[PDB]
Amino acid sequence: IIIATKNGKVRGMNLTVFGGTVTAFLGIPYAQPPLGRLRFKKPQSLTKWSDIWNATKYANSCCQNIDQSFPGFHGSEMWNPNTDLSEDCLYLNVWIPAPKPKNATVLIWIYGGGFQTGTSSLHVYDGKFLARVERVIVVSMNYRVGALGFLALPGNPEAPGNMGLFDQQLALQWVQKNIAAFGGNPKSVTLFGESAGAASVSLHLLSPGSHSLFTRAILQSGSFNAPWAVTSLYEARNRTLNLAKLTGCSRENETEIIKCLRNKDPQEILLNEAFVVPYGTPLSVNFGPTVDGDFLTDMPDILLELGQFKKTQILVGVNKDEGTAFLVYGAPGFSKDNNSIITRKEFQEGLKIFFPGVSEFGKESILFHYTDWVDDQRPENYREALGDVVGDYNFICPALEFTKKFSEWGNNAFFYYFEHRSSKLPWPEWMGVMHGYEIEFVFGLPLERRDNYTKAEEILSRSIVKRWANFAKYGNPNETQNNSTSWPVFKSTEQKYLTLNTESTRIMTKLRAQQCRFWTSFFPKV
């Protein structure tokens, strides 16, 4: 099992999947380790070893903070890294069907984590099932997160910002220069990613450097116009300056700040990232993408409205309860271990927690919009309200607006609304269909019948798996039995979208129009 890469030589393994074989290569180095002198710099292209890389283990995950609010609880720990953490973490993975194809479309996964956490080695990103079932190559990479990936002194080559985005980019260049050795087709590449991964993907639609490096895009629960997705340059270097004073790295010219920060033990970077912004929010992104003048030329929303982006089909969508996940990270009244019925005023306190900088008039205007009950008996009205507020403002409305404004340039867009709750999901039922819990289905996890899903969830996952393959290969997410419902194109006038659950595959119009038309045409005025 040995493949010659354009620079180098890797040994992989035979995984046996569903009766056949997928050959995979785990932890291929795609960049020099960004240590010491290179901490905070753009990833630098590798020199050529030859020897043989045993690409037979997931590589190290990038340095990051780890959520430990619930020790020994699957629902939070399943997003925690599962390989050792090092700054030596710029590696990627490749799953390939067996026997080896000759021009097979490839899907490159980009994980989410609020640009602060995440790794490609998580079980729910296992590429073997895709490769097996749909005969695509799957590739996924580790990029830097947190200040190690996004610390910004705009314009200074060292610390330019967006270094994790350049990590992703360099992996995409690796697939361009090497996937054809693996049997992949470089002219047929589809980015799919979720959360910050999806926002990352949307940012690759705008960066000129990334233009030639893929074909299509799939954006799950994220896009760069999300309020958490982009940091202004003013915010970004207030944040890096406070990181400097928190580490004792306060100097007067930027370069000396930077080398002081480079002779700091990584845990003193990581354990101070939490304090750089004074009014955090459960969704605060401490160090995220900025308009760096390199990766991002100007501010993304105008590049989108001006139309200077790559022109291709995109697939975009959201889950029904995107917001509930974050309500337990400090909204009063809310618990993983009770039903979380709240009053109107626990509601209002929750809104302060998520909208700290908003006038009281503005928080009540929110409440007004989300309190026109259809059934005012319903106890859990306010629960549902607050979750829906967080989810709409942070994910659903930005995704709708993004594909709305993307489609009006002759590009074909498909939008989905995922509404099934995993029968083995470990969070309470009141949280519904949570942020991130379609990924098990996009990666075909429930196809393992030994695994505990329900035949229904298996059929559903097989549907979503082939729709995204077909979108990757063809640019149209058709299902090619034609039992299936056909999925039409989102365009601003009609705005049609497709519903994903086990009961049915309905087709619907103008998703949450009345909620989002607040977040688009009123809130920005408060």
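Counting begins at 1, following the sequence as shown.
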item: Per the entry, higher mean C-alpha B factor between 327-335 and 113-121; value: 327-335
item: 309-317 versus 220-228 - greater average Cα B-factor per the deposited record; value: 309-317
item: Out of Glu380, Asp84, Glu268, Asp88, highest CA B-factor residue; value: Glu380
item: From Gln169, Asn452, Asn272, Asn142, residue of greatest CA B-factor; value: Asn452
item: Modelled-residue ranking by C-alpha temperature factor, third containing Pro488; value: highest
item: Third of the chain's Cα B-factor distribution that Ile52 belongs to, per the entry; value: highest
item: Chain-relative CA temperature factor third for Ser340; value: highest
item: B-factor third for the C-alpha atom of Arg37 within its chain; value: highest
item: For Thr499, the third of its chain into which the C-alpha B factor falls; value: middle
